[PDB]
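Q: model.cif is reproduced in full below (mmCIF, C-alpha atoms and all ligand atoms; chains and numbers go by the auth columns).
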data_upload
#
loop_
_atom_site.group_PDB
_atom_site.id
_atom_site.type_symbol
_atom_site.label_atom_id
_atom_site.label_comp_id
_atom_site.label_asym_id
_atom_site.label_seq_id
_atom_site.Cartn_x
_atom_site.Cartn_y
_atom_site.Cartn_z
_atom_site.B_iso_or_equiv
_atom_site.auth_seq_id
_atom_site.auth_asym_id
ATOM 1 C CA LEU A 1 98.460 87.086 91.198 0.00 225 A
ATOM 2 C CA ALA A 2 97.833 90.641 90.105 0.00 226 A
ATOM 3 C CA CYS A 3 99.320 90.029 86.643 0.00 227 A
ATOM 4 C CA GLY A 4 96.861 87.264 85.811 0.00 228 A
ATOM 5 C CA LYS A 5 96.097 83.587 85.268 0.00 229 A
ATOM 6 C CA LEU A 6 94.820 82.292 81.909 0.00 230 A
ATOM 7 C CA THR A 7 91.209 81.113 82.182 0.00 231 A
ATOM 8 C CA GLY A 8 90.019 81.202 78.600 0.00 232 A
ATOM 9 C CA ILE A 9 90.932 81.408 74.938 0.00 233 A
ATOM 10 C CA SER A 10 88.521 83.074 72.473 0.00 234 A
ATOM 11 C CA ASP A 11 87.216 81.962 69.093 0.00 235 A
ATOM 12 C CA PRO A 12 89.994 82.176 66.461 0.00 236 A
ATOM 13 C CA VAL A 13 89.935 85.360 64.403 0.00 237 A
ATOM 14 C CA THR A 14 91.269 85.017 60.842 0.00 238 A
ATOM 15 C CA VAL A 15 93.308 88.091 59.963 0.00 239 A
ATOM 16 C CA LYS A 16 94.772 86.943 56.650 0.00 240 A
ATOM 17 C CA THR A 17 95.048 83.982 54.320 0.00 241 A
ATOM 18 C CA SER A 18 98.618 83.950 52.959 0.00 242 A
ATOM 19 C CA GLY A 19 101.964 82.206 52.680 0.00 243 A
ATOM 20 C CA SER A 20 103.029 78.584 53.066 0.00 244 A
ATOM 21 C CA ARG A 21 101.716 76.006 55.507 0.00 245 A
ATOM 22 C CA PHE A 22 104.267 76.993 58.149 0.00 246 A
ATOM 23 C CA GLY A 23 105.447 80.377 59.404 0.00 247 A
ATOM 24 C CA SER A 24 105.057 83.058 62.033 0.00 248 A
ATOM 25 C CA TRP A 25 103.626 86.542 62.350 0.00 249 A
ATOM 26 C CA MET A 26 103.685 89.050 65.207 0.00 250 A
ATOM 27 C CA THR A 27 103.668 92.673 66.354 0.00 251 A
ATOM 28 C CA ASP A 28 106.225 94.411 68.563 0.00 252 A
ATOM 29 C CA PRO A 29 104.893 94.650 72.130 0.00 253 A
ATOM 30 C CA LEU A 30 107.267 97.580 72.918 0.00 254 A
ATOM 31 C CA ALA A 31 106.575 99.515 69.742 0.00 255 A
ATOM 32 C CA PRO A 32 105.313 103.007 70.703 0.00 256 A
ATOM 33 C CA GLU A 33 101.599 103.809 70.452 0.00 257 A
ATOM 34 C CA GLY A 34 100.528 103.477 67.721 0.00 258 A
ATOM 35 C CA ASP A 35 103.316 101.837 65.777 0.00 259 A
ATOM 36 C CA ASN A 36 101.226 98.837 64.775 0.00 260 A
ATOM 37 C CA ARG A 37 103.489 97.314 62.148 0.00 261 A
ATOM 38 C CA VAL A 38 103.083 93.600 61.421 0.00 262 A
ATOM 39 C CA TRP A 39 106.141 91.392 61.107 0.00 263 A
ATOM 40 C CA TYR A 40 105.788 88.255 59.037 0.00 264 A
ATOM 41 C CA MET A 41 108.052 85.251 58.512 0.00 265 A
ATOM 42 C CA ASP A 42 107.051 82.587 55.984 0.00 266 A
ATOM 43 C CA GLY A 43 108.690 79.175 56.293 0.00 267 A
ATOM 44 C CA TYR A 44 110.633 77.132 58.835 0.00 268 A
ATOM 45 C CA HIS A 45 113.771 76.037 57.014 0.00 269 A
ATOM 46 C CA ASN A 46 116.801 78.074 55.940 0.00 270 A
ATOM 47 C CA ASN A 47 114.716 81.249 55.297 0.00 271 A
ATOM 48 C CA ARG A 48 115.840 84.895 55.600 0.00 272 A
ATOM 49 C CA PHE A 49 113.040 87.144 54.451 0.00 273 A
ATOM 50 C CA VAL A 50 110.983 89.158 56.885 0.00 274 A
ATOM 51 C CA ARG A 51 108.017 91.148 55.651 0.00 275 A
ATOM 52 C CA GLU A 52 107.091 94.420 57.311 0.00 276 A
ATOM 53 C CA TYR A 53 103.523 95.667 56.837 0.00 277 A
ATOM 54 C CA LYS A 54 102.656 99.239 57.794 0.00 278 A
ATOM 55 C CA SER A 55 99.689 98.364 60.014 0.00 279 A
ATOM 56 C CA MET A 56 97.184 95.655 60.927 0.00 280 A
ATOM 57 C CA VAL A 57 94.736 97.049 58.370 0.00 281 A
ATOM 58 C CA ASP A 58 97.370 97.196 55.644 0.00 282 A
ATOM 59 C CA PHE A 59 98.302 93.620 56.542 0.00 283 A
ATOM 60 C CA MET A 60 94.684 92.477 56.196 0.00 284 A
ATOM 61 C CA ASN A 61 93.712 94.477 53.117 0.00 285 A
ATOM 62 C CA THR A 62 96.884 94.617 51.008 0.00 286 A
ATOM 63 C CA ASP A 63 99.933 92.702 49.874 0.00 287 A
ATOM 64 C CA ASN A 64 102.255 95.659 50.123 0.00 288 A
ATOM 65 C CA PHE A 65 105.207 95.451 52.485 0.00 289 A
ATOM 66 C CA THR A 66 108.833 96.318 53.186 0.00 290 A
ATOM 67 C CA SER A 67 111.205 93.336 52.978 0.00 291 A
ATOM 68 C CA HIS A 68 114.177 92.680 55.267 0.00 292 A
ATOM 69 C CA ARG A 69 116.781 90.051 54.494 0.00 293 A
ATOM 70 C CA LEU A 70 118.439 88.519 57.585 0.00 294 A
ATOM 71 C CA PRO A 71 122.209 88.025 57.192 0.00 295 A
ATOM 72 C CA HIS A 72 121.658 84.564 58.647 0.00 296 A
ATOM 73 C CA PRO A 73 118.735 82.261 57.942 0.00 297 A
ATOM 74 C CA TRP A 74 116.461 80.986 60.737 0.00 298 A
ATOM 75 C CA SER A 75 115.146 77.593 61.817 0.00 299 A
ATOM 76 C CA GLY A 76 111.572 76.982 62.864 0.00 300 A
ATOM 77 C CA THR A 77 108.808 79.468 63.630 0.00 301 A
ATOM 78 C CA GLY A 78 109.863 80.608 67.094 0.00 302 A
ATOM 79 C CA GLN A 79 111.022 84.180 66.356 0.00 303 A
ATOM 80 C CA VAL A 80 109.924 87.177 68.398 0.00 304 A
ATOM 81 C CA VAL A 81 110.071 90.909 67.695 0.00 305 A
ATOM 82 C CA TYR A 82 110.908 92.988 70.702 0.00 306 A
ATOM 83 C CA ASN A 83 111.694 96.656 71.116 0.00 307 A
ATOM 84 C CA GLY A 84 112.683 97.130 67.480 0.00 308 A
ATOM 85 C CA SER A 85 114.727 93.943 67.148 0.00 309 A
ATOM 86 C CA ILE A 86 113.998 90.477 65.755 0.00 310 A
ATOM 87 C CA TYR A 87 115.233 87.599 67.906 0.00 311 A
ATOM 88 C CA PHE A 88 115.663 84.254 66.184 0.00 312 A
ATOM 89 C CA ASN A 89 117.354 80.860 66.145 0.00 313 A
ATOM 90 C CA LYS A 90 120.140 80.679 63.563 0.00 314 A
ATOM 91 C CA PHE A 91 119.601 77.919 60.960 0.00 315 A
ATOM 92 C CA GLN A 92 120.948 74.514 62.099 0.00 316 A
ATOM 93 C CA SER A 93 122.427 75.764 65.368 0.00 317 A
ATOM 94 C CA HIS A 94 121.505 76.644 68.926 0.00 318 A
ATOM 95 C CA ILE A 95 122.769 80.127 68.170 0.00 319 A
ATOM 96 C CA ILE A 96 120.404 83.015 68.992 0.00 320 A
ATOM 97 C CA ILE A 97 120.554 86.240 67.030 0.00 321 A
ATOM 98 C CA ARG A 98 119.474 89.808 67.804 0.00 322 A
ATOM 99 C CA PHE A 99 118.858 91.666 64.549 0.00 323 A
ATOM 100 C CA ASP A 100 118.238 95.392 64.986 0.00 324 A
ATOM 101 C CA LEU A 101 115.544 96.661 62.626 0.00 325 A
ATOM 102 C CA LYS A 102 116.471 100.333 63.101 0.00 326 A
ATOM 103 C CA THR A 103 120.033 99.861 61.815 0.00 327 A
ATOM 104 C CA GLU A 104 119.309 96.685 59.824 0.00 328 A
ATOM 105 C CA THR A 105 122.302 94.950 61.428 0.00 329 A
ATOM 106 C CA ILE A 106 123.111 92.105 63.764 0.00 330 A
ATOM 107 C CA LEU A 107 123.755 93.475 67.259 0.00 331 A
ATOM 108 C CA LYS A 108 124.381 90.312 69.141 0.00 332 A
ATOM 109 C CA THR A 109 125.003 86.630 68.646 0.00 333 A
ATOM 110 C CA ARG A 110 125.176 83.980 71.296 0.00 334 A
ATOM 111 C CA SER A 111 125.007 80.248 71.870 0.00 335 A
ATOM 112 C CA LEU A 112 122.028 78.991 73.856 0.00 336 A
ATOM 113 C CA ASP A 113 124.003 76.550 76.022 0.00 337 A
ATOM 114 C CA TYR A 114 122.965 72.906 75.837 0.00 338 A
ATOM 115 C CA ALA A 115 119.846 73.648 73.745 0.00 339 A
ATOM 116 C CA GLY A 116 118.886 70.912 71.340 0.00 340 A
ATOM 117 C CA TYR A 117 118.556 71.967 67.696 0.00 341 A
ATOM 118 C CA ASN A 118 118.072 70.666 64.147 0.00 342 A
ATOM 119 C CA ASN A 119 114.845 68.785 64.940 0.00 343 A
ATOM 120 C CA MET A 120 116.197 67.277 68.164 0.00 344 A
ATOM 121 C CA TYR A 121 113.546 68.821 70.482 0.00 345 A
ATOM 122 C CA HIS A 122 111.066 70.265 68.002 0.00 346 A
ATOM 123 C CA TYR A 123 107.530 70.783 69.140 0.00 347 A
ATOM 124 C CA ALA A 124 105.283 67.938 67.988 0.00 348 A
ATOM 125 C CA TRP A 125 104.579 69.622 64.646 0.00 349 A
ATOM 126 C CA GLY A 126 108.265 69.229 63.728 0.00 350 A
ATOM 127 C CA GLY A 127 109.724 71.936 61.501 0.00 351 A
ATOM 128 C CA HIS A 128 113.025 72.583 63.336 0.00 352 A
ATOM 129 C CA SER A 129 111.000 74.277 66.051 0.00 353 A
ATOM 130 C CA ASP A 130 113.538 73.346 68.780 0.00 354 A
ATOM 131 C CA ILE A 131 113.959 76.826 70.187 0.00 355 A
ATOM 132 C CA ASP A 132 111.031 79.202 70.769 0.00 356 A
ATOM 133 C CA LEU A 133 111.644 82.847 71.750 0.00 357 A
ATOM 134 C CA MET A 134 108.807 84.932 73.235 0.00 358 A
ATOM 135 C CA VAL A 135 108.031 88.017 75.233 0.00 359 A
ATOM 136 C CA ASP A 136 105.669 88.503 78.175 0.00 360 A
ATOM 137 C CA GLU A 137 104.836 91.182 80.784 0.00 361 A
ATOM 138 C CA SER A 138 108.318 90.940 82.321 0.00 362 A
ATOM 139 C CA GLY A 139 110.596 90.440 79.298 0.00 363 A
ATOM 140 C CA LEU A 140 112.299 87.975 76.901 0.00 364 A
ATOM 141 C CA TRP A 141 112.290 84.174 77.254 0.00 365 A
ATOM 142 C CA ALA A 142 113.595 81.078 75.495 0.00 366 A
ATOM 143 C CA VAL A 143 111.696 77.816 75.474 0.00 367 A
ATOM 144 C CA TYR A 144 113.652 74.766 74.473 0.00 368 A
ATOM 145 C CA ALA A 145 114.974 71.483 75.894 0.00 369 A
ATOM 146 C CA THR A 146 118.311 69.846 76.814 0.00 370 A
ATOM 147 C CA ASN A 147 119.772 66.326 77.175 0.00 371 A
ATOM 148 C CA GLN A 148 120.262 67.021 80.839 0.00 372 A
ATOM 149 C CA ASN A 149 116.535 67.728 81.237 0.00 373 A
ATOM 150 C CA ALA A 150 115.863 64.489 79.309 0.00 374 A
ATOM 151 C CA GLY A 151 114.174 66.283 76.406 0.00 375 A
ATOM 152 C CA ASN A 152 111.662 67.980 78.675 0.00 376 A
ATOM 153 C CA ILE A 153 110.948 71.638 78.103 0.00 377 A
ATOM 154 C CA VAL A 154 113.403 74.035 79.687 0.00 378 A
ATOM 155 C CA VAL A 155 112.369 77.688 80.197 0.00 379 A
ATOM 156 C CA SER A 156 114.932 80.465 80.548 0.00 380 A
ATOM 157 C CA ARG A 157 114.676 84.188 81.063 0.00 381 A
ATOM 158 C CA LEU A 158 116.848 85.875 78.457 0.00 382 A
ATOM 159 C CA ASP A 159 118.502 89.293 78.554 0.00 383 A
ATOM 160 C CA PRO A 160 117.418 91.176 75.410 0.00 384 A
ATOM 161 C CA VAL A 161 120.771 92.958 75.097 0.00 385 A
ATOM 162 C CA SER A 162 123.371 90.411 76.122 0.00 386 A
ATOM 163 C CA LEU A 163 121.230 87.377 75.146 0.00 387 A
ATOM 164 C CA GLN A 164 122.596 85.758 78.298 0.00 388 A
ATOM 165 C CA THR A 165 120.481 83.463 80.424 0.00 389 A
ATOM 166 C CA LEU A 166 119.206 85.113 83.618 0.00 390 A
ATOM 167 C CA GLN A 167 117.399 82.173 85.195 0.00 391 A
ATOM 168 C CA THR A 168 116.393 78.681 84.054 0.00 392 A
ATOM 169 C CA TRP A 169 113.545 76.342 85.002 0.00 393 A
ATOM 170 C CA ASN A 170 113.337 72.640 84.171 0.00 394 A
ATOM 171 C CA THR A 171 109.827 71.374 83.508 0.00 395 A
ATOM 172 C CA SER A 172 108.466 67.837 83.373 0.00 396 A
ATOM 173 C CA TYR A 173 106.948 68.178 79.871 0.00 397 A
ATOM 174 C CA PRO A 174 108.522 66.398 76.843 0.00 398 A
ATOM 175 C CA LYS A 175 108.919 69.167 74.252 0.00 399 A
ATOM 176 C CA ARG A 176 108.367 66.814 71.310 0.00 400 A
ATOM 177 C CA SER A 177 104.950 65.948 72.763 0.00 401 A
ATOM 178 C CA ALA A 178 103.981 69.642 73.001 0.00 402 A
ATOM 179 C CA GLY A 179 102.051 71.109 70.094 0.00 403 A
ATOM 180 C CA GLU A 180 103.385 74.529 71.083 0.00 404 A
ATOM 181 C CA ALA A 181 103.888 76.755 74.120 0.00 405 A
ATOM 182 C CA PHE A 182 103.523 80.346 75.240 0.00 406 A
ATOM 183 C CA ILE A 183 104.089 82.399 78.371 0.00 407 A
ATOM 184 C CA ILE A 184 101.631 84.695 80.139 0.00 408 A
ATOM 185 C CA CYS A 185 102.715 86.473 83.334 0.00 409 A
ATOM 186 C CA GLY A 186 105.658 84.138 83.967 0.00 410 A
ATOM 187 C CA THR A 187 103.517 81.002 83.470 0.00 411 A
ATOM 188 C CA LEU A 188 104.390 78.631 80.638 0.00 412 A
ATOM 189 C CA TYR A 189 101.295 77.168 78.929 0.00 413 A
ATOM 190 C CA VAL A 190 101.742 74.109 76.739 0.00 414 A
ATOM 191 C CA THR A 191 99.271 72.674 74.216 0.00 415 A
ATOM 192 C CA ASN A 192 98.419 68.961 73.742 0.00 416 A
ATOM 193 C CA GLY A 193 98.897 68.946 69.965 0.00 417 A
ATOM 194 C CA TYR A 194 98.876 70.836 66.670 0.00 418 A
ATOM 195 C CA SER A 195 95.625 69.525 65.224 0.00 419 A
ATOM 196 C CA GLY A 196 93.254 68.191 67.923 0.00 420 A
ATOM 197 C CA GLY A 197 91.250 68.325 69.940 0.00 421 A
ATOM 198 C CA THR A 198 93.567 71.219 70.756 0.00 422 A
ATOM 199 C CA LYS A 199 93.848 72.578 74.268 0.00 423 A
ATOM 200 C CA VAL A 200 96.190 74.023 76.807 0.00 424 A
ATOM 201 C CA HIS A 201 96.642 71.138 79.237 0.00 425 A
ATOM 202 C CA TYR A 202 99.822 71.972 81.185 0.00 426 A
ATOM 203 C CA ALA A 203 100.897 75.112 83.037 0.00 427 A
ATOM 204 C CA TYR A 204 104.257 75.703 84.597 0.00 428 A
ATOM 205 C CA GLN A 205 104.370 78.624 86.995 0.00 429 A
ATOM 206 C CA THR A 206 107.932 79.992 87.124 0.00 430 A
ATOM 207 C CA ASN A 207 107.360 82.171 90.200 0.00 431 A
ATOM 208 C CA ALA A 208 106.575 78.957 92.128 0.00 432 A
ATOM 209 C CA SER A 209 108.491 76.327 90.145 0.00 433 A
ATOM 210 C CA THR A 210 105.220 74.397 90.102 0.00 434 A
ATOM 211 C CA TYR A 211 103.248 72.763 87.323 0.00 435 A
ATOM 212 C CA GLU A 212 99.612 71.813 87.021 0.00 436 A
ATOM 213 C CA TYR A 213 97.438 69.829 84.612 0.00 437 A
ATOM 214 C CA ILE A 214 94.671 72.061 83.297 0.00 438 A
ATOM 215 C CA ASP A 215 92.082 72.123 80.523 0.00 439 A
ATOM 216 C CA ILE A 216 91.611 75.264 78.462 0.00 440 A
ATOM 217 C CA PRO A 217 90.426 74.160 75.027 0.00 441 A
ATOM 218 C CA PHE A 218 90.732 76.294 71.930 0.00 442 A
ATOM 219 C CA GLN A 219 89.657 75.946 68.346 0.00 443 A
ATOM 220 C CA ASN A 220 92.035 74.885 65.638 0.00 444 A
ATOM 221 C CA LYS A 221 90.016 76.256 62.728 0.00 445 A
ATOM 222 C CA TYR A 222 92.251 75.228 59.797 0.00 446 A
ATOM 223 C CA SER A 223 93.587 71.955 61.220 0.00 447 A
ATOM 224 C CA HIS A 224 97.330 72.674 61.655 0.00 448 A
ATOM 225 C CA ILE A 225 99.055 75.111 64.028 0.00 449 A
ATOM 226 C CA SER A 226 102.813 75.700 63.568 0.00 450 A
ATOM 227 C CA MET A 227 103.234 78.878 65.619 0.00 451 A
ATOM 228 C CA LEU A 228 101.554 80.252 68.741 0.00 452 A
ATOM 229 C CA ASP A 229 102.841 83.095 70.940 0.00 453 A
ATOM 230 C CA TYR A 230 101.434 85.581 73.458 0.00 454 A
ATOM 231 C CA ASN A 231 101.842 89.331 73.020 0.00 455 A
ATOM 232 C CA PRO A 232 101.730 91.288 76.347 0.00 456 A
ATOM 233 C CA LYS A 233 100.793 94.609 74.655 0.00 457 A
ATOM 234 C CA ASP A 234 97.939 93.135 72.607 0.00 458 A
ATOM 235 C CA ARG A 235 96.979 90.607 75.271 0.00 459 A
ATOM 236 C CA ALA A 236 96.396 88.216 72.362 0.00 460 A
ATOM 237 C CA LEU A 237 97.720 84.927 71.041 0.00 461 A
ATOM 238 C CA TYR A 238 99.217 85.104 67.538 0.00 462 A
ATOM 239 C CA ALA A 239 99.145 81.896 65.552 0.00 463 A
ATOM 240 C CA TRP A 240 100.045 80.546 62.147 0.00 464 A
ATOM 241 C CA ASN A 241 97.305 78.140 61.178 0.00 465 A
ATOM 242 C CA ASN A 242 98.020 76.172 58.010 0.00 466 A
ATOM 243 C CA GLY A 243 98.661 79.226 55.842 0.00 467 A
ATOM 244 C CA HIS A 244 96.281 81.424 57.861 0.00 468 A
ATOM 245 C CA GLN A 245 97.394 84.114 60.298 0.00 469 A
ATOM 246 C CA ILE A 246 94.977 84.144 63.194 0.00 470 A
ATOM 247 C CA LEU A 247 94.447 85.872 66.545 0.00 471 A
ATOM 248 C CA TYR A 248 92.901 84.659 69.736 0.00 472 A
ATOM 249 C CA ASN A 249 91.814 86.944 72.532 0.00 473 A
ATOM 250 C CA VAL A 250 92.258 85.549 76.051 0.00 474 A
ATOM 251 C CA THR A 251 90.720 86.100 79.445 0.00 475 A
ATOM 252 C CA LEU A 252 92.948 86.307 82.531 0.00 476 A
ATOM 253 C CA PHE A 253 91.777 86.106 86.144 0.00 477 A
ATOM 254 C CA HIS A 254 93.321 88.628 88.527 0.00 478 A
ATOM 255 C CA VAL A 255 93.689 88.739 92.290 0.00 479 A
ATOM 256 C CA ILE A 256 94.569 92.155 93.695 0.00 480 A
HETATM 257 CA CA CA B . 105.270 79.755 71.057 0.00 1 B
HETATM 258 NA NA NA B . 108.388 82.614 69.489 0.00 2 B
#
Turn the structure described in the file into structure tokens.
A:
Amino acid sequence: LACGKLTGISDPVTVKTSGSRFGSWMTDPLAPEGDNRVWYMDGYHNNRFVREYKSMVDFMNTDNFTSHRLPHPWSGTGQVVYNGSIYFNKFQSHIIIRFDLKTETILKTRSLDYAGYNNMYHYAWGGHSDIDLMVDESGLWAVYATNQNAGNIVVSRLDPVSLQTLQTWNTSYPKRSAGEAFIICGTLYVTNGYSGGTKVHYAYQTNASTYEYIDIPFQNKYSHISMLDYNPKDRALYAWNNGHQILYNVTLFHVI
């Protein structure tokens, strides 16, 4: 209740026009003040190259960057950068990989048990987006689905070192009907599509194992969203919008 409940999503802010139709971009919520490097991942299929820009302003105003080449390629757009590592779904697998950016090596590899992959339980936009990793106020999560949950979204807390599952919740929401999803304060928010008409219309509260139908609309400025994640440090939503990297601010309601 203290941490906050989503009540509103701001106008989309265009930060850059770049890259293909589909991709992801993000900052590291546990980077020290003021390490404000931008991490950038173009493409959804068999890709390995991560761009590192020095700052938000360098990201916006230049096309200069450090490149990293992942020893394994990723699927989808569901990566997350967390405490100096990139977490991602190995191409054509339900394998999750922790790639340490400080040493430029893989630190951990592990199967995400029972997770669908290879366009089995993609988000509605497709693109091998079966497994979505994200970070909120309390840590690392994986958002996916399983046969046993009938293709409905499954949410698991993930240990950032072991990559083992710490706790799992089964929701009622068919992942392939979700445009995308993100977590704020332990609540999973799911969008109705990737081109509407867009809005957050389902919330699943993990602390109470309860879901609710809600209506928090937000503007899809460039007509296709293929990535959408919350950053707890920035308190913003990062999105890839049809070859545009955009930010939304949000409002949370707090009860102390
Ligand atoms: Ca997401
Ligand atoms: Na993600």
Q: Which residues match the PyMOL selection byres (((not hetatm)) within 10 of (chain B and resi 2)) in the file above, as JSON, numbers by chain?
A: {"A": [248, 249, 250, 300, 301, 302, 303, 304, 305, 311, 312, 313, 353, 355, 356, 357, 358, 359, 364, 365, 366, 367, 404, 405, 406, 407, 451, 452, 453, 454, 462]}
Q: Save the residues we just selected, C-alpha atoms, as a compact mmCIF listing (two decimals), keeping the file's coordinate frame?
A:
# COMPACT_ATOMS: atom_id res chain seq x y z
CA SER A 248 105.06 83.06 62.03
CA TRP A 249 103.63 86.54 62.35
CA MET A 250 103.68 89.05 65.21
CA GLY A 300 111.57 76.98 62.86
CA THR A 301 108.81 79.47 63.63
CA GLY A 302 109.86 80.61 67.09
CA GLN A 303 111.02 84.18 66.36
CA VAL A 304 109.92 87.18 68.40
CA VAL A 305 110.07 90.91 67.69
CA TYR A 311 115.23 87.60 67.91
CA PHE A 312 115.66 84.25 66.18
CA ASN A 313 117.35 80.86 66.14
CA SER A 353 111.00 74.28 66.05
CA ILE A 355 113.96 76.83 70.19
CA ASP A 356 111.03 79.20 70.77
CA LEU A 357 111.64 82.85 71.75
CA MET A 358 108.81 84.93 73.24
CA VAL A 359 108.03 88.02 75.23
CA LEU A 364 112.30 87.98 76.90
CA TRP A 365 112.29 84.17 77.25
CA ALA A 366 113.60 81.08 75.50
CA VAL A 367 111.70 77.82 75.47
CA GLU A 404 103.38 74.53 71.08
CA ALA A 405 103.89 76.76 74.12
CA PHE A 406 103.52 80.35 75.24
CA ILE A 407 104.09 82.40 78.37
CA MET A 451 103.23 78.88 65.62
CA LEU A 452 101.55 80.25 68.74
CA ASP A 453 102.84 83.10 70.94
CA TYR A 454 101.43 85.58 73.46
CA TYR A 462 99.22 85.10 67.54
Q: Can you pull out the residues contacting segment 332-336 of chain A? Cut-off 10 Å, using all atoms listed in the file, and skip same-chain residues under 6 positions away; I want them as a ChimeraX atom specification.
A: /A:311-314,317-324,355,366,368,380,382,384-389
Q: If we count all atoms listed in the file, what is near segment 434-437 of chain A at a cut-off of 9 Å, once residues fewer than 3 positions away on the same chain are taken out, given as a PDB file with C-alpha atoms, in the coordinates of the input?
A:
ATOM      1  CA  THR A 395     109.827  71.374  83.508  1.00  0.00           C
ATOM      2  CA  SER A 396     108.466  67.837  83.373  1.00  0.00           C
ATOM      3  CA  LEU A 412     104.390  78.631  80.638  1.00  0.00           C
ATOM      4  CA  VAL A 424      96.190  74.023  76.807  1.00  0.00           C
ATOM      5  CA  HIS A 425      96.642  71.138  79.237  1.00  0.00           C
ATOM      6  CA  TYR A 426      99.822  71.972  81.185  1.00  0.00           C
ATOM      7  CA  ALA A 427     100.897  75.112  83.037  1.00  0.00           C
ATOM      8  CA  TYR A 428     104.257  75.703  84.597  1.00  0.00           C
ATOM      9  CA  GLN A 429     104.370  78.624  86.995  1.00  0.00           C
ATOM     10  CA  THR A 430     107.932  79.992  87.124  1.00  0.00           C
ATOM     11  CA  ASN A 431     107.360  82.171  90.200  1.00  0.00           C
TER      12      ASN A 431
END
Q: Please report the interatomic distance between atom CA of residue 471 of chain A and atom CA of residue 235 of chain A in Å with one decimal.
A: 8.6 Å
Q: Please evaluate the PyMOL selection byres (((chain A and resi 408) around 9) and not hetatm) against the displayed coordinates and give the resulting residues as a PyMOL selection string.
A: chain A and resi 227-230+359-361+406-407+409-413+454-456+459
Q: With C-alpha atoms retained, could you export that selection as a PDB file, in the coordinates of the input?
A:
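Generated file (again27.pdb):
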ATOM      1  CA  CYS A 227      99.320  90.029  86.643  1.00  0.00           C
ATOM      2  CA  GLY A 228      96.861  87.264  85.811  1.00  0.00           C
ATOM      3  CA  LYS A 229      96.097  83.587  85.268  1.00  0.00           C
ATOM      4  CA  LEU A 230      94.820  82.292  81.909  1.00  0.00           C
ATOM      5  CA  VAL A 359     108.031  88.017  75.233  1.00  0.00           C
ATOM      6  CA  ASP A 360     105.669  88.503  78.175  1.00  0.00           C
ATOM      7  CA  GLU A 361     104.836  91.182  80.784  1.00  0.00           C
ATOM      8  CA  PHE A 406     103.523  80.346  75.240  1.00  0.00           C
ATOM      9  CA  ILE A 407     104.089  82.399  78.371  1.00  0.00           C
ATOM     10  CA  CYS A 409     102.715  86.473  83.334  1.00  0.00           C
ATOM     11  CA  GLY A 410     105.658  84.138  83.967  1.00  0.00           C
ATOM     12  CA  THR A 411     103.517  81.002  83.470  1.00  0.00           C
ATOM     13  CA  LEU A 412     104.390  78.631  80.638  1.00  0.00           C
ATOM     14  CA  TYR A 413     101.295  77.168  78.929  1.00  0.00           C
ATOM     15  CA  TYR A 454     101.434  85.581  73.458  1.00  0.00           C
ATOM     16  CA  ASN A 455     101.842  89.331  73.020  1.00  0.00           C
ATOM     17  CA  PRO A 456     101.730  91.288  76.347  1.00  0.00           C
ATOM     18  CA  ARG A 459      96.979  90.607  75.271  1.00  0.00           C
TER      19      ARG A 459
END
Q: Extract, using all atoms listed in the file, all DNA, RNA and protein residues at most 12 Å from residue 237 of chain A, discarding same-chain residues fewer than 4 positions from it, and format them as a ChimeraX atom specification.
A: /A:233,241,284,442-446,460-465,468-474
Q: Just add N, CA and C atoms to segment 384-394 of chain A and send it as a PDB file, keeping the file's coordinate frame.
A:
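Now in result19.pdb:
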ATOM      1  N   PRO A 384     117.589  90.725  76.796  1.00  0.00           N
ATOM      2  CA  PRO A 384     117.418  91.176  75.410  1.00  0.00           C
ATOM      3  C   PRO A 384     118.619  91.919  74.817  1.00  0.00           C
ATOM      4  N   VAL A 385     119.597  92.278  75.635  1.00  0.00           N
ATOM      5  CA  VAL A 385     120.771  92.958  75.097  1.00  0.00           C
ATOM      6  C   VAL A 385     121.937  91.983  74.994  1.00  0.00           C
ATOM      7  N   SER A 386     122.221  91.294  76.101  1.00  0.00           N
ATOM      8  CA  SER A 386     123.371  90.411  76.122  1.00  0.00           C
ATOM      9  C   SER A 386     123.026  89.048  75.531  1.00  0.00           C
ATOM     10  N   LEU A 387     121.721  88.731  75.472  1.00  0.00           N
ATOM     11  CA  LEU A 387     121.230  87.377  75.146  1.00  0.00           C
ATOM     12  C   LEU A 387     121.729  86.320  76.114  1.00  0.00           C
ATOM     13  N   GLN A 388     122.212  86.732  77.288  1.00  0.00           N
ATOM     14  CA  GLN A 388     122.596  85.758  78.298  1.00  0.00           C
ATOM     15  C   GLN A 388     121.380  85.289  79.073  1.00  0.00           C
ATOM     16  N   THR A 389     121.488  84.075  79.591  1.00  0.00           N
ATOM     17  CA  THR A 389     120.481  83.463  80.424  1.00  0.00           C
ATOM     18  C   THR A 389     120.543  84.063  81.822  1.00  0.00           C
ATOM     19  N   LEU A 390     119.370  84.432  82.335  1.00  0.00           N
ATOM     20  CA  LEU A 390     119.206  85.113  83.618  1.00  0.00           C
ATOM     21  C   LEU A 390     118.704  84.174  84.714  1.00  0.00           C
ATOM     22  N   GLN A 391     117.906  83.201  84.310  1.00  0.00           N
ATOM     23  CA  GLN A 391     117.399  82.173  85.195  1.00  0.00           C
ATOM     24  C   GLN A 391     116.788  81.094  84.314  1.00  0.00           C
ATOM     25  N   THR A 392     116.825  79.855  84.797  1.00  0.00           N
ATOM     26  CA  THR A 392     116.393  78.681  84.054  1.00  0.00           C
ATOM     27  C   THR A 392     115.483  77.819  84.920  1.00  0.00           C
ATOM     28  N   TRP A 393     114.401  77.308  84.334  1.00  0.00           N
ATOM     29  CA  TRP A 393     113.545  76.342  85.002  1.00  0.00           C
ATOM     30  C   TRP A 393     113.448  75.078  84.158  1.00  0.00           C
ATOM     31  N   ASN A 394     113.546  73.932  84.814  1.00  0.00           N
ATOM     32  CA  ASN A 394     113.337  72.640  84.171  1.00  0.00           C
ATOM     33  C   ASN A 394     111.926  72.128  84.421  1.00  0.00           C
TER      34      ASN A 394
END
